[PDB]
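Written below as structure tokens is the structure these notes are about.
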Amino acid sequence: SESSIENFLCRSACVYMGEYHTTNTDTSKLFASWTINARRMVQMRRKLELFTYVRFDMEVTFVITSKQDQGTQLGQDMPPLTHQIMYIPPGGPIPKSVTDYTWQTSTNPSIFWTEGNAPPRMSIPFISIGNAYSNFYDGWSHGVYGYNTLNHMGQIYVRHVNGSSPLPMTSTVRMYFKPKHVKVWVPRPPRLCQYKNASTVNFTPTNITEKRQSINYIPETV
Amino acid sequence: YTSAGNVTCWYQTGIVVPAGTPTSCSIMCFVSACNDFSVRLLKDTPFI
Amino acid sequence: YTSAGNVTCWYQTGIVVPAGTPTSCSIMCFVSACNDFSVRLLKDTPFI
Amino acid sequence: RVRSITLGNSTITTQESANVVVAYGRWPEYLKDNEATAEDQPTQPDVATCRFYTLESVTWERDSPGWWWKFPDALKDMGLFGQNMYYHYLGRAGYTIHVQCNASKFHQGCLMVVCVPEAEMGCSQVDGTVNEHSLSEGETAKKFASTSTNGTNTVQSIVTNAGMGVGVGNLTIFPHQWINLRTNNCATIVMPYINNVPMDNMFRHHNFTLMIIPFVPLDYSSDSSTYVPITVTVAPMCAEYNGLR
Amino acid sequence: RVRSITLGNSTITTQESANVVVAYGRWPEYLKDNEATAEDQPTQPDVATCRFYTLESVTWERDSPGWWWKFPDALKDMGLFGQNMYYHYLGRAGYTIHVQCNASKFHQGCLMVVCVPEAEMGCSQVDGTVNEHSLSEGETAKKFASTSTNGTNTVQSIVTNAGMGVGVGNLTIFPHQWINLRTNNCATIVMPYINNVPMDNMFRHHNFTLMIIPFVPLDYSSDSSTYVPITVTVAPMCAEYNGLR
Amino acid sequence: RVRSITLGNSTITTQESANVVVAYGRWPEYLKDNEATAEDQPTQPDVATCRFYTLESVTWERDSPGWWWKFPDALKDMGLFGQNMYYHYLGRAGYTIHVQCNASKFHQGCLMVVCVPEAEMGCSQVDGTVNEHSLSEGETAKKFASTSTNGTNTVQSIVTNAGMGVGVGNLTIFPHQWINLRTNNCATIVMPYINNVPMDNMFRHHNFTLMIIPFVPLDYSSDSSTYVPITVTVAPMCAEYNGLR
């Protein structure tokens with residue numbers, strides 16, 4: 001009952017933590033971004049690799065905390081801060097500044113949230129023109145080995161929702177991810193070697209198991 | 001220092017061959033679970 | 001320069017024997033006709 | 001107690017005491033009619049795709065780590081089934097694979113024969129990428145190694161990790177068969193079409209991989225033959241392509 | 001065509017094509033109820049007496065005259081069945097004996113396996129008496145000799161007279177089985193309890209004797225193994241003792 | 001799976017898995033009654049003609065071209081059936097022929113066993129004539145040669161032409177059986193009486209000829225026996241003679 005597929009896979013986890021400012025002199029530090037896949041979380045990756053094909057919905061919750069920068073200026077009286085969390089489907093426009101037009105496109109779903117309230121949450125369906133996702137692909141992208149374009153799942157972007165000339169602030173977002181209504185096909189053996197990077201199956205050769213003293217050795221009984 | 005059962009194998013007779021066959025040989029073991037197996041308290045694995 | 005089919009035989013693995021058996025060996029072929037065979041225009045044979 | 005099987009203009013002979021593994025319980029079949037009714041009409045050759053194709057034999061010696069083939073494109077030069085790979089943009093098929101040995105009662109050894117879907121392989125250099133030639137050579141087999149390999153763009157082919165980063169004793173999770181020279185010398189595996197889409201292009205994707213791996217090495221004594229031949233025969237089943245009209 | 005048999009926490013494996021000799025047509029059983037109704041109440045262990053006990057293997061070489069064991073007291077150190085021999089004053093039981101060989105098709109030889117009730121043995125000195133150690137050593141086998149023996153208090157163990165003063169070709173009168181390396185390698189004998197009283201004390205009386213005797217010696221050639229192992233396994237049946245309350 | 005057959009005061013043992021060739025579909029039988037009703041009355045011995053007669057074994061070595069016997073007169077010294085050949089002026093009979101080999105699983109070879117009616121043979125000299133001794137020696141076999149022979153009055157016995165001027169690969173047109181040391185070692189042929197008259201004299205006519213011819217020579221290795229014995233056993237069936245009263 002605890003070994004069913006749902007109870008084994010449907011569990012929440014922190015998969016990305018990022019920081020972003022209201023004012024800066026880099027302009028890439030003004031927003032945070034994440035590409036959705038399940039290959040940079042080493043514990044979820046291994047449980048997912050026991051199968052060849054998967055199908056699930058996604059649920060994402062966001063925990064967001066702010067701070068005034070230790071730069072100099074005190075005595076402030078500020079209202080609570082507002083944030084915008086945008087999801088981009090596969091085949092959507094990507095922003096490059098925080099002032100871009102794509103933060104207003106009608107087909108990118110978006111959430112507006114102010115601090116002090118309950119943590120925000122959105123639910124994404126199975127988004128693929130194929131019939132399942134694949135954890136393993138023995139092919140070419142059209143050319144990269146092992147990468148097929150049916151596994152695109154979208155992106156998430158987060159910014160502040162101030163007006164003009166805002167006050168300096170630093171925020172941190174943590175994303176909690178959970179698959180739901182899961183189905184799996186074609187079981188596989190468990191990964192025996194350590195993972196080396198996030199896109200390949202590359203590995204250094206590993207021992208089959210650890211040694212004992214002799215082929216007869218059994219430890220003394222208590 | 002286990003409190004578990006054990007399995008051992010012994011030579012009852014020895015291996016006998018005709019002329020022209022290899023002298024040494026090998027045995028292989030396979031393990032599996034039977035239908036009445038149960039598990040509880042999902043946790044994290046100690047291998048990665 | 002025939003316009004006929006052909007048959008060939010290939011070594012997939014090689015022959016493996018124990019100790020004390022002959023090394024080489026032989027194959028034999030037998031031919032026959034199946035029930036649907038027909039012949040026409042009796043003539044003289046070219047062998048005597 | 002010998003059966004003779006004819007597919008098309010091919011004939012092979014097997015033993016009626018054979019054992020057959022149907023991969024996941026599923027026999028091959030046509031995608032029925034109406035996944036994509038209107039402008040996706042398929043066609044099927046059924047001419048000289050259903051016929052036995054026999055590759056070259058491989059030679060099992062005392063130190064042989066193993067062999068592997070990729071499917072398809074092990075058949076890209078095989079008569080009509082290979083012609084159809086160039087004329088058509090999409091296809092699909094199941095297969096029947098026979099593996100046979102020729103050995104005596106004075107030999108000994110043990111083989112695993114396994115069919116692995118999506119067998120993605122690793123590079124010999126951890127921050128490298130695999131080449132197209134090092135993954136397959138068509139109807140010629142690639143070889144596993146007994147130690148860890150080097151060189152650029154090569155599959156890391158140490159046989160204990162099977163090129164995939166797992167323990168090779170655990171490949172029994174896939175459709176597999178054992179050949180123990182003591183008790184049998186043949187193996188049949190029937191594989192259906194397995195993908196996450198109904199059809200696909202047959203040149204830049206390897207559906208599955210056939211592997212043959214000795215777990216107990218070949219042994220013989222005084223004047224037996226020093227090798228054993230292994231032979232592989234493949235018959236495509238229920239092949240189907242996009243319509244051209 | 002292999003059967004797997006479990007008695008208690010023991011498991012062994014045999015072939016389903018076995019042949020079984022039931023000694024005189026009689027299966028073992030309990031003395032029913034009322035030979036000695038009033039103050040002779042028995043009890044039965046049925047706990048870990050019904051279980052396979054396996055002795056050490058013996059080694060059959062080119063010049064092996066033979067082996068013998070005494071029953072009981074070949075089992076006086078065997079777990080619970082041996083504990084019950086010390087706690088109880090009277091007992092009885094039947095037995096199942098399996099004998100197995102491990103040999104190849106390049107070996108040859110022939111064994112007789114016989115169970116002899118009341119196998120009273122003679123001394124090496126005609127006006128002498130036999131010792132208790134020279135009759136048995138428990139779970140270790142005694143050995144027959146190929147010539148006539150000497151020394152005091154020893155059984156005269158020349159193998160042609162089997163220590164009993166008869167011709168050894170005539171022991172087929174007892175429950176017996178042949179093992180011909182050419183055709184089989186196993187033998188099962190089921191022995192009931194045979195005495196002239198219903199119960200008895202198990203320490204100063206040997207109910208029966210198991211003997212194993214080669215009639216055609218072991219032969220092999222160039223680089224086969226030079227010995228063959230023989231293995232004996234015993235399961236007590238319907239054991240029964242005097243009540244203690 | 002062994003059968004034991006007794007004819008008269010003879011007993012032989014065969015395997016119940018035998019295969020039997022009845023020559024042209026016809027079992028032997030008596031010419032019924034009334035071909036020659038009035039003054040042609042026959043009689044039948046049925047005493048010690050129906051019984052197994054066993055000849056001497058022949059020795060199959062590495063270079064053995066083959067053997068042949070003539071029927072009858074291979075039995076002119078065989079007890080009663082031979083006495084009847086001298087007492088009676090006309091006769092007839094059918095036969096059952098068993099041929100057996102004694103070989104191991106480490107030997108190899110292949111034999112044809114064929115029964116040929118009217119096997120008229122040619123002379124070694126083209127303008128010559130064959131002798132009576134060179135056609136048969138009774139219960140001793142004649143031998144084929146591996147090259148062409150010479151000398152006066154001798155059968156030209158090169159084995160590829162079988163002494164008859166035909167190709168030896170075509171003798172399968174006659175009642176025949178194959179003995180492949182790999183799969184069987186025995187052959188039974190049941191021959192009826194075949195002539196163009198109902199009875200005949202048994203001294204100046206050879207009804208048929210039994211031939212045994214190796215097509216793949218005997219091979220063995222290191223310390224196996226260097227020969228293989230072949231044994232022939234004959235039982236006459238439904239013998240019948242002219243009445244004497």
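Chains: A, B, ... in order of the structure tokens. Residues: from 1 per chain. Ligands: from 1, in order shown.
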How close does chain E get to chain B? List, as JSON lines, each residue of chain E within 10 Å, its nearest atom pair and the distance in Å to one decimal, counting only C-alpha atoms.
{"residue": "E:54", "atom": "CA", "partner": "B:12", "partner_atom": "CA", "distance": 9.6}
{"residue": "E:55", "atom": "CA", "partner": "B:12", "partner_atom": "CA", "distance": 8.8}
{"residue": "E:56", "atom": "CA", "partner": "B:12", "partner_atom": "CA", "distance": 6.6}
{"residue": "E:57", "atom": "CA", "partner": "B:12", "partner_atom": "CA", "distance": 3.9}
{"residue": "E:58", "atom": "CA", "partner": "B:13", "partner_atom": "CA", "distance": 6.1}
{"residue": "E:59", "atom": "CA", "partner": "B:13", "partner_atom": "CA", "distance": 5.6}
{"residue": "E:60", "atom": "CA", "partner": "B:13", "partner_atom": "CA", "distance": 7.2}
{"residue": "E:61", "atom": "CA", "partner": "B:13", "partner_atom": "CA", "distance": 10.0}
{"residue": "E:100", "atom": "CA", "partner": "B:12", "partner_atom": "CA", "distance": 8.4}
{"residue": "E:101", "atom": "CA", "partner": "B:13", "partner_atom": "CA", "distance": 6.3}
{"residue": "E:102", "atom": "CA", "partner": "B:13", "partner_atom": "CA", "distance": 5.7}
{"residue": "E:103", "atom": "CA", "partner": "B:16", "partner_atom": "CA", "distance": 4.4}
{"residue": "E:104", "atom": "CA", "partner": "B:17", "partner_atom": "CA", "distance": 4.6}
{"residue": "E:105", "atom": "CA", "partner": "B:18", "partner_atom": "CA", "distance": 6.2}
{"residue": "E:106", "atom": "CA", "partner": "B:18", "partner_atom": "CA", "distance": 2.8}
{"residue": "E:107", "atom": "CA", "partner": "B:18", "partner_atom": "CA", "distance": 5.4}
{"residue": "E:108", "atom": "CA", "partner": "B:18", "partner_atom": "CA", "distance": 8.8}
{"residue": "E:218", "atom": "CA", "partner": "B:16", "partner_atom": "CA", "distance": 9.8}
{"residue": "E:219", "atom": "CA", "partner": "B:18", "partner_atom": "CA", "distance": 9.1}
{"residue": "E:220", "atom": "CA", "partner": "B:18", "partner_atom": "CA", "distance": 6.0}
{"residue": "E:221", "atom": "CA", "partner": "B:19", "partner_atom": "CA", "distance": 5.1}
{"residue": "E:222", "atom": "CA", "partner": "B:19", "partner_atom": "CA", "distance": 5.1}
{"residue": "E:223", "atom": "CA", "partner": "B:19", "partner_atom": "CA", "distance": 6.1}
{"residue": "E:224", "atom": "CA", "partner": "B:17", "partner_atom": "CA", "distance": 4.4}
{"residue": "E:225", "atom": "CA", "partner": "B:16", "partner_atom": "CA", "distance": 4.7}
{"residue": "E:226", "atom": "CA", "partner": "B:16", "partner_atom": "CA", "distance": 6.9}
{"residue": "E:227", "atom": "CA", "partner": "B:14", "partner_atom": "CA", "distance": 6.0}
{"residue": "E:228", "atom": "CA", "partner": "B:13", "partner_atom": "CA", "distance": 4.7}
{"residue": "E:229", "atom": "CA", "partner": "B:13", "partner_atom": "CA", "distance": 1.3}
{"residue": "E:230", "atom": "CA", "partner": "B:13", "partner_atom": "CA", "distance": 4.4}
{"residue": "E:231", "atom": "CA", "partner": "B:12", "partner_atom": "CA", "distance": 4.8}
{"residue": "E:232", "atom": "CA", "partner": "B:12", "partner_atom": "CA", "distance": 8.3}
Residues of chain A within 12 Å of chain B, only C-alpha atoms counted, as an NGL selection string: :A and (1-4 or 7-11 or 41-47 or 190-196 or 209 or 215-222)
Find the spatial neighbours of residue 153 in chain A, counting only C-alpha atoms, within a cut-off of 10 Å - ignore same-chain residues fewer than 2 positions away - and output them as a PDB file with N, CA, C and O atoms, in the first residue's frame.
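Saved to result07.pdb:
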ATOM      1  N   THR A  35      14.079  26.701 -15.299  1.00  0.00           N
ATOM      2  CA  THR A  35      13.536  25.808 -16.309  1.00  0.00           C
ATOM      3  C   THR A  35      13.085  24.521 -15.643  1.00  0.00           C
ATOM      4  O   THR A  35      13.830  23.929 -14.869  1.00  0.00           O
ATOM      5  N   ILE A  36      11.869  24.094 -15.942  1.00  0.00           N
ATOM      6  CA  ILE A  36      11.287  22.936 -15.279  1.00  0.00           C
ATOM      7  C   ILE A  36      11.824  21.657 -15.911  1.00  0.00           C
ATOM      8  O   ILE A  36      11.531  21.354 -17.070  1.00  0.00           O
ATOM      9  N   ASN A  37      12.612  20.911 -15.157  1.00  0.00           N
ATOM     10  CA  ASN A  37      12.861  19.499 -15.438  1.00  0.00           C
ATOM     11  C   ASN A  37      13.203  18.832 -14.115  1.00  0.00           C
ATOM     12  O   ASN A  37      13.401  19.504 -13.098  1.00  0.00           O
ATOM     13  N   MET A  58       1.641  18.713 -12.512  1.00  0.00           N
ATOM     14  CA  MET A  58       2.549  19.384 -11.594  1.00  0.00           C
ATOM     15  C   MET A  58       1.785  20.329 -10.680  1.00  0.00           C
ATOM     16  O   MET A  58       0.815  20.958 -11.092  1.00  0.00           O
ATOM     17  N   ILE A  88       5.652  30.304 -18.296  1.00  0.00           N
ATOM     18  CA  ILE A  88       5.700  30.323 -19.751  1.00  0.00           C
ATOM     19  C   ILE A  88       5.532  28.895 -20.250  1.00  0.00           C
ATOM     20  O   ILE A  88       6.318  28.016 -19.877  1.00  0.00           O
ATOM     21  N   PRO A  89       4.517  28.626 -21.058  1.00  0.00           N
ATOM     22  CA  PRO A  89       4.360  27.321 -21.681  1.00  0.00           C
ATOM     23  C   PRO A  89       5.457  27.056 -22.692  1.00  0.00           C
ATOM     24  O   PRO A  89       6.247  27.948 -23.015  1.00  0.00           O
ATOM     25  N   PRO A  90       5.572  25.836 -23.176  1.00  0.00           N
ATOM     26  CA  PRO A  90       6.497  25.577 -24.284  1.00  0.00           C
ATOM     27  C   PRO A  90       6.058  26.264 -25.567  1.00  0.00           C
ATOM     28  O   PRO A  90       4.923  26.109 -26.018  1.00  0.00           O
ATOM     29  N   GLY A  91       6.951  27.054 -26.146  1.00  0.00           N
ATOM     30  CA  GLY A  91       6.595  27.870 -27.286  1.00  0.00           C
ATOM     31  C   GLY A  91       6.052  29.226 -26.886  1.00  0.00           C
ATOM     32  O   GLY A  91       5.033  29.677 -27.413  1.00  0.00           O
ATOM     33  N   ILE A 124      -0.331  22.862 -12.943  1.00  0.00           N
ATOM     34  CA  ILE A 124      -0.035  22.741 -14.374  1.00  0.00           C
ATOM     35  C   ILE A 124      -0.436  21.350 -14.845  1.00  0.00           C
ATOM     36  O   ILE A 124      -0.065  20.368 -14.203  1.00  0.00           O
ATOM     37  N   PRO A 125      -1.138  21.216 -15.970  1.00  0.00           N
ATOM     38  CA  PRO A 125      -1.488  19.873 -16.464  1.00  0.00           C
ATOM     39  C   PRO A 125      -0.365  19.181 -17.221  1.00  0.00           C
ATOM     40  O   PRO A 125       0.715  19.748 -17.376  1.00  0.00           O
ATOM     41  N   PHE A 126      -0.611  17.959 -17.693  1.00  0.00           N
ATOM     42  CA  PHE A 126       0.302  17.258 -18.592  1.00  0.00           C
ATOM     43  C   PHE A 126       0.386  17.990 -19.930  1.00  0.00           C
ATOM     44  O   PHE A 126      -0.579  18.009 -20.685  1.00  0.00           O
ATOM     45  N   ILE A 127       1.524  18.611 -20.232  1.00  0.00           N
ATOM     46  CA  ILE A 127       1.655  19.444 -21.424  1.00  0.00           C
ATOM     47  C   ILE A 127       2.621  18.837 -22.425  1.00  0.00           C
ATOM     48  O   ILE A 127       3.818  19.132 -22.418  1.00  0.00           O
ATOM     49  N   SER A 128       2.121  18.035 -23.333  1.00  0.00           N
ATOM     50  CA  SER A 128       3.032  17.464 -24.304  1.00  0.00           C
ATOM     51  C   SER A 128       2.196  17.028 -25.479  1.00  0.00           C
ATOM     52  O   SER A 128       1.096  16.513 -25.294  1.00  0.00           O
ATOM     53  N   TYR A 133       5.973  11.432 -21.110  1.00  0.00           N
ATOM     54  CA  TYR A 133       7.341  11.908 -21.002  1.00  0.00           C
ATOM     55  C   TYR A 133       8.298  10.725 -21.023  1.00  0.00           C
ATOM     56  O   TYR A 133       7.922   9.597 -20.716  1.00  0.00           O
ATOM     57  N   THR A 149      12.758  16.829 -27.805  1.00  0.00           N
ATOM     58  CA  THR A 149      12.046  18.073 -27.598  1.00  0.00           C
ATOM     59  C   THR A 149      10.637  17.876 -27.076  1.00  0.00           C
ATOM     60  O   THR A 149       9.997  18.850 -26.686  1.00  0.00           O
ATOM     61  N   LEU A 150      10.137  16.653 -27.048  1.00  0.00           N
ATOM     62  CA  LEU A 150       8.856  16.401 -26.423  1.00  0.00           C
ATOM     63  C   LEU A 150       8.883  16.532 -24.907  1.00  0.00           C
ATOM     64  O   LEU A 150       7.821  16.525 -24.293  1.00  0.00           O
ATOM     65  N   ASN A 151      10.045  16.656 -24.289  1.00  0.00           N
ATOM     66  CA  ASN A 151      10.122  16.759 -22.839  1.00  0.00           C
ATOM     67  C   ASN A 151      10.097  18.191 -22.324  1.00  0.00           C
ATOM     68  O   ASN A 151      10.332  18.398 -21.136  1.00  0.00           O
ATOM     69  N   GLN A 155       8.748  27.257 -18.265  1.00  0.00           N
ATOM     70  CA  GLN A 155       9.664  27.987 -17.396  1.00  0.00           C
ATOM     71  C   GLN A 155       8.880  28.821 -16.393  1.00  0.00           C
ATOM     72  O   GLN A 155       7.698  29.100 -16.593  1.00  0.00           O
TER      73      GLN A 155
END
Could you pull out the strand (DSSP E or B) residues of range 109-194 of chain E from DSSP and send them as an NGL selection string? :E and (109-117 or 123 or 137 or 140 or 142-143 or 145 or 155 or 158 or 176-180 or 186-191)
Just list the residues in range 139-173 of chain D DSSP gives helix (DSSP H, G or I) on the backbone, as JSON, numbers by chain. {"D": [168, 169, 170, 171, 172, 173]}
